[PDB]
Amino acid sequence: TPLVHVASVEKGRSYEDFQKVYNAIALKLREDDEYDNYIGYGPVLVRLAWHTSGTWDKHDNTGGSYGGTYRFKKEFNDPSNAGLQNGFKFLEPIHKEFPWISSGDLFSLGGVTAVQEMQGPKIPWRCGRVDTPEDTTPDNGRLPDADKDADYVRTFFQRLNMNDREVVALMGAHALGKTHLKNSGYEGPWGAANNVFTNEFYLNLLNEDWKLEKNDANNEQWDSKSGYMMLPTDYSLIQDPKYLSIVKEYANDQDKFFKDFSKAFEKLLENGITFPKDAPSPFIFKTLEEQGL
């Protein structure tokens, strides 16, 4: 037995309404450019979308993006979510201007908007997540640990119904942003263009010279002399031969990575949700640049 969560469109809303919310998110991303030593909010909004979706458990349909339960203190204060409060704060004035959007739609849309405005692939997005009460908040401990190996990673993502290609594609979002010692016990960026969505994660895995070192929090991480880092779970993608093949494919085909990531990311964000046969089709929002805005 799993719960059923049926998508229900915010009353009377359509594509145009959500493009306006997209636009407000994108404009604030542009405006608040100084955040995190001028990386900007794009990376933390992508991580917020993934962590608010990544609690899902296919076996009983608990967790997931539908209920928007990050707004409750058990989930806000999950140690795995340390740092995401910055993303939530960013989204607060968006929610105040557009109070009709559900929290789950806002957290997932923030992720879509971030990826597209950082020049990533289009991510089709569906509305209709509905806020659920505090007691539906999943317990802490459903997001992955970083200090583990490929077997861990593979098994972990089975709970989110992701296969090896989906796992490797999703991990490419680590092109974005950085680890912050005070949030996670790890420090450093994975690459140079921290706020541009590219296949750089895979090129860096394959092409940098990596050394297993201890950081200031006494945790192991792989460091390169270009000043990049990889988590043990990131590095596992080149230690496992099946993952490694996929890493090589994405390192050598930007388009393929973009298409696979778009599919897996939408999937991640939609897991657990039942869409009525007559629900609207997925929206594909225009970027500001495409709109001349």
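So that there is no doubt, residue numbering starts at 1 and follows the sequence shown.
Remark: stretch with higher mean C-alpha B factor among 72-80 and 166-174 is 72-80. The PDB entry reports B-factors from which the mean C-alpha value can be compared for 23-31 and 222-230; the larger average falls on 222-230. Of all the options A192, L106, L203, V115, the entry's greatest CA B-factor is assigned to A192. Of all the options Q119, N161, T155, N140, the entry's greatest CA B-factor is assigned to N140. The deposited CA B-factor of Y15 belongs to the middle third of values across its chain.
The deposited CA B-factor of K263 belongs to the lowest third of values across its chain.
Among all modelled residues in this chain, the alpha-carbon of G128 has a temperature factor (C-alpha) in the lowest third. The entry lists a Cα temperature factor for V9 that places it in the middle third of the chain's modelled residues. Ranked by C-alpha B-factor against the other modelled residues of its chain, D240 falls in the lowest third.
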